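Here the structure comes first, spelled out in structure tokens, and everything after it is commentary.
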Amino acid sequence: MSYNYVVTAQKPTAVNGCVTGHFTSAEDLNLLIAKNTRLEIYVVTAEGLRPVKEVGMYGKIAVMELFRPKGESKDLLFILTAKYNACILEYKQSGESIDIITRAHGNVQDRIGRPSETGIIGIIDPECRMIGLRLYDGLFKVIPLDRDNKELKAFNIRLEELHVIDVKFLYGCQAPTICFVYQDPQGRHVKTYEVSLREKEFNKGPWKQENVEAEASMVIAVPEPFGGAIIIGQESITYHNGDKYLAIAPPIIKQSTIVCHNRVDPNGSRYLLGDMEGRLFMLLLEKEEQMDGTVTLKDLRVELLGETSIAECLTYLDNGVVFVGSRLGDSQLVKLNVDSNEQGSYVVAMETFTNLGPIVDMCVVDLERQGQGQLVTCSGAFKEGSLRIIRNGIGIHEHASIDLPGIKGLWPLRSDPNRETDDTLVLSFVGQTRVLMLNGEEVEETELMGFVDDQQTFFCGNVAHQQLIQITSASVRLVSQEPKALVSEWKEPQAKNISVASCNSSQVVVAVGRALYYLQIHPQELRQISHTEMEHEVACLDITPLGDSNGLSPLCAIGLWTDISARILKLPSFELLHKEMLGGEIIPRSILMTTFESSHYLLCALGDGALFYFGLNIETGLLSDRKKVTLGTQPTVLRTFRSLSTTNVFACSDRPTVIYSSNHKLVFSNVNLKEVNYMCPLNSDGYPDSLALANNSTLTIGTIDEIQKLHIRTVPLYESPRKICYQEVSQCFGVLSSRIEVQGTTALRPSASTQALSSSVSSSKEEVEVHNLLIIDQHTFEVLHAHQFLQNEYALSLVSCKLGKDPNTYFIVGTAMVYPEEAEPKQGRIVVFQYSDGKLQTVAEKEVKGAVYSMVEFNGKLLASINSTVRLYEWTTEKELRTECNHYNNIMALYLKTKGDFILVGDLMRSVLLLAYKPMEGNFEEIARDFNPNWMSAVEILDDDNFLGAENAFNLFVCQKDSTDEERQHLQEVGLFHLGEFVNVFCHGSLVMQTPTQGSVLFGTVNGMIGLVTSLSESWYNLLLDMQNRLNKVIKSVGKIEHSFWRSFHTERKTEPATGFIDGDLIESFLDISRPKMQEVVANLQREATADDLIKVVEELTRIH
Ligand SMILES: Nc1cccc(-c2nc3ncccc3o2)c1
């Protein structure tokens, strides 16, 4: 009935978990990071983190632990998903190919069972005897680790303690033993049990229970030789080992709850601890010797090390390097020093990794140019709060601009053999060459002895033996560096024109029609080595040396006319090693051998904007795994360049692109420039690490931004942003923010709301939240003004609009007065503000008897939701809000969107409702509601007949009118899809410059994932649904989870297959399967579709984000 397509624009960035161990090999130290559905694998080096493999799971990662059974040469990986898919995984690398093998899998959900409120805990016995899971209160699930248990069959043990806080397996025990903290009416306690595989039951544990602190929250299992357990609370740290009990109460930890730990030393002598304010501590266990050679714990000390991002997880990585995994801010690599700095910190940040999450609100604005949307998010929380400005494509920073038309090629060179930097740029034109010298920033015409100016140059550069080369249509010219003189000249035997040229430091291959000549560069000598006659006219050549080659290529890559082939030839014989026919009647224009992330590729661009690429074996010359993308509609010219110590390929066309590698796959990112015809890298005194760019009329010099799909600007607020709106007439944003103060109440640090240029305060008629409206400049993101709300006043909703016949644009804020014992608020305000002359003036107020959860401008009026009421206000001539009409049939109306006279209302627990304003009756009519209960997080109107909801269990659904009257009032859920993210905000718009899809809705999530929803025809839906089913038969999923299971709508009330939703991430993955697989997919598929049809289809779909 409705057909929707959902695709990832930005993968989740929040770190949900981290572990270290030896997974990729026994001798590698690995960091594994869980980002919701993604697992990232790194090798830890001196240099830092090298990425080796990133995979997606068809599940949310809830447990991630490395372990090593006897007989295994390296660690295996246990994963449990939030839908209770369990697997054991093994890393396998066969040559260049890397695969995650599933050693065991099965689903471990029970039939009855309310998910424990305090979440899934999974733990692994140190001796790998069993995996233990706390999934539900009152039960402990055991998976025995026998070699025969490939289905991960489990049994449940009754657990008398219903409210477990945390649990670990202990070290040094003859039977598998758990230690856990639990809560009962008498307080919190620590207890142990042995786990008997024979009896499938608990036995008495080795040490008796103790009462612990009221807020004891984490258990640490300390390795031998200590053994035992550390229990971390809010004001105490205790150690237990039976006839051993030791407790400290250090004041230094009392300010903020400690929420994560990591073992620094294998023997447990030191642990890192992180708290909710980003403090990093070291916990030190002091040893005492004993006559019998055991070691017991003498004392415990805690030392403040410094400050990090607020850590969800910590991993020590050796040599003082710590990974800080953050959910609420950026993740980091930090270094711990033995000696402190000026301010007394041992912590120095080394590297920052972007986290957009949580995205709590966002808007789309054309900040810089018309038609180019940028997303501005409210990101992070507490000291990590920020605005983030997100935009597609890679920028260039122009540093020079010369009027100079007709350029046909650019080459840099070093005219001085004693200087490392380029000082010369050679330009070709039709039939001519010009040399430009660079003196700092000055760029000046000149001659260069040895080079000719009256022929077109096809290549020039530095070559071996301190020489320069120029290849023109007439000859190859070899020039000495000191002095500049012609030392050798090569011409074809009858002096026919050269038509194509390739060159490296010591080798030359030139074409003359169908003839090829191979030359070597020697001292004062161009030596002709060999020649051949190709079957067809030569279109393009490359001899870029790859790998451990010593600057020499044994291969020549060639593109031919007529048969449209890309071929690899051996030098010097010119023997054919491999031929690929590219199809069509349009010749290759650019061919390049290149390396990315240590793998070799052949790139071949046609004159129609097609780019083919292949794996290249530089030993055998074999091309494999052909792929194709379209980079424009014009001939593309390819050229290698380096930035940030990485070689990439710049593709010149009508749509300039950078080609690079990410997770050992080629990626393509737009450069934000108009048409570029030619380019070369340029690294001169005045223009270090730059690019020279030419179009039809202009030569530019500039630097390039980071090579990535999306560019992100961060604006730190040092406090929690809550909502955002743009006010075009003021050229600024309004942002609701809150900061924590401690009760007179005192602030913890300066932040946006206490550092505005000017400030104002409302006048009345982790201790406390103080709320503010910030006014922020759209260009500088400076905080121009901050208005502080009343004590106990929480700002919930924000809109920028005009009302009635009043020409002013206002910022309007809806609030709640929050008191401790109230089930919900019974008081709040709507406040209308005018931003004028650097400050917010209060124009009007309205007291209401509830929380103002949501507001929208509606046909020149103000729509607001207040507790269980939706209300429409008019703006009177006396500049006051006056109630027009009310709707009462809600539990708690949290979310509003409107289109025309229609209003979509999202409820706390009864899903969505459609209202209409009746302009000829001045009131609301309830049109229809979704009678299925759903706990809503966000809503959006897709169009007049289709309503999108997100709910708290990470599902999307789509409702439509069912086209009796009682019947017309029943909205139908026609689309269902498990997304696996928590949606905070939907907003209409696109990051692409303004096909199979209609409409564009972006969403922002808690994990900092950004998605897109668009609409499909029935026809397109049917084709893509068929593709999915076929893809699902050929793709091997990690952990052998079925895609259909993953995407099934799932709440406590209802599990059903997905319907009316295409998984764009799955569809896009078609462009990464093998050619056989594509054939399997494309067989007997409705017109009988071919692989190459689908490739093109999936490209039109990738361009929507
Ligand atoms: N050297 C290198 C290259 C590319 C990506 C990364 C990286 N991205 C991360 N995101 C979160 C946490 C840790 C991370 O490390 C690191």
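We number chain A the way Swiss-Prot does; in order, the residues shown are 1-743, 748-769, 784-981, 985-1015, 1022-1113, 1122-1140.
This deposition comes from X-ray crystallography, 1.9 Å.
Cβ atoms are placed via backbone N, Cα and C, with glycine included.
Of the residues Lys335, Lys627, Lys864, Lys1067, Swiss-Prot records the annotation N6-acetyllysine for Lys1067. Put plainly, the modified residues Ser2, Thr1125 were compared by Cβ crowding within 10 Å, and the winner is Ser2. Its Cβ placed at the centre, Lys1067 (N6-acetyllysine) has 13 other Cβ atoms within 10 Å. Gap of 4 unmodelled residues flanked by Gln743 and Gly748; Cα separation 6 Å.
In the deposited coordinates, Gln1113 and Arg1122 are the last and first modelled residues around 8 missing ones; Cα to Cα they measure 5 Å.
Separating the Cα atoms of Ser2 (N-acetylserine) and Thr1125 (phosphothreonine) is a whole-number distance of 27 Å.
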